[PDB]
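As a convention, Cβ positions derive from the backbone with ideal geometry for all residues, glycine included, and neighbour counts pool all protein chains shown. Nothing in this text is a laboratory measurement; each read-out follows from the coordinates by a stated rule.
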Amino acid sequence: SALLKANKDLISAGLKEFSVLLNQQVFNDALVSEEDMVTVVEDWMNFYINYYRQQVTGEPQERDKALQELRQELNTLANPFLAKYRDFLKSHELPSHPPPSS
């Protein structure tokens, strides 16, 4: 295999859609439970991984490779979303995160 456009198309498509999912949040007025948003993020990732896992007709190498890239891709795309939300909700009313604190 090495790298077929089909794999890149599926991965990029999943990565793009994911980015739109994470960005489509309402980062403006921090309200609502954090665990709720966070649970939603994890819930989506699991749903995506589970679905993508069954969307692979390649050998265990192709499947594992695409599976590892999918998981790592979600962590990298989810990382900014979860870190941005955290700092965002933890920023308003108290800048708890930067040097000026302890």
TODO: Select from region 1-11 the residues that are out of contact with any helix residue (DSSP H, G or I) (no Cβ under 9 Å at 6 or more places or on another chain) and part of a helix (DSSP H, G or I) and write down the one among them that is nearest to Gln72 (Cα to Cα).
DONE: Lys8
Task: Residue, surrounded by the fewest Cβ atoms within 10 Å (Cβ to Cβ), within region 18-68, restricted to residues that are of a type outside the set (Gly, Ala, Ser), part of a loop (DSSP other than H, G, I, E, B) and in contact (Cβ under 8 Å) with a residue 40 or more places away in the chain - done: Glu59
Task: Complete set of residues in region 6-37 that are over 19 Å from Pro80 (Cα atoms) and under 17 Å from the mean Cα position of the chain (by Cα) - done: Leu10
Open item on the list: Please pick out the residue among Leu3, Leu89 that is under 30 Å from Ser101 (Cα atoms) and more than 16 Å from the chain's Cα centre (by Cα).
Closed with: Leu89
Open item on the list: Looking only at residues that are surrounded by 12 or more Cβ atoms within 10 Å (Cβ to Cβ) and either without any contact (Cβ under 8 Å) to a residue 12 or more places away in the chain or touching a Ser or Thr at 6+ places or on another chain (Cβ under 6 Å) (or both) in region 69-95, which one is nearest to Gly14 (Cα to Cα)?
Closed with: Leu77
Open item on the list: Checking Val41 against (1) over 16 Å from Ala83 (Cα atoms); (2) touching a helix residue (DSSP H, G or I) at 6+ places or on another chain (Cβ under 8 Å); (3) not acidic (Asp, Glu): exactly one of these is not met. Which one?
Closed with: (1)
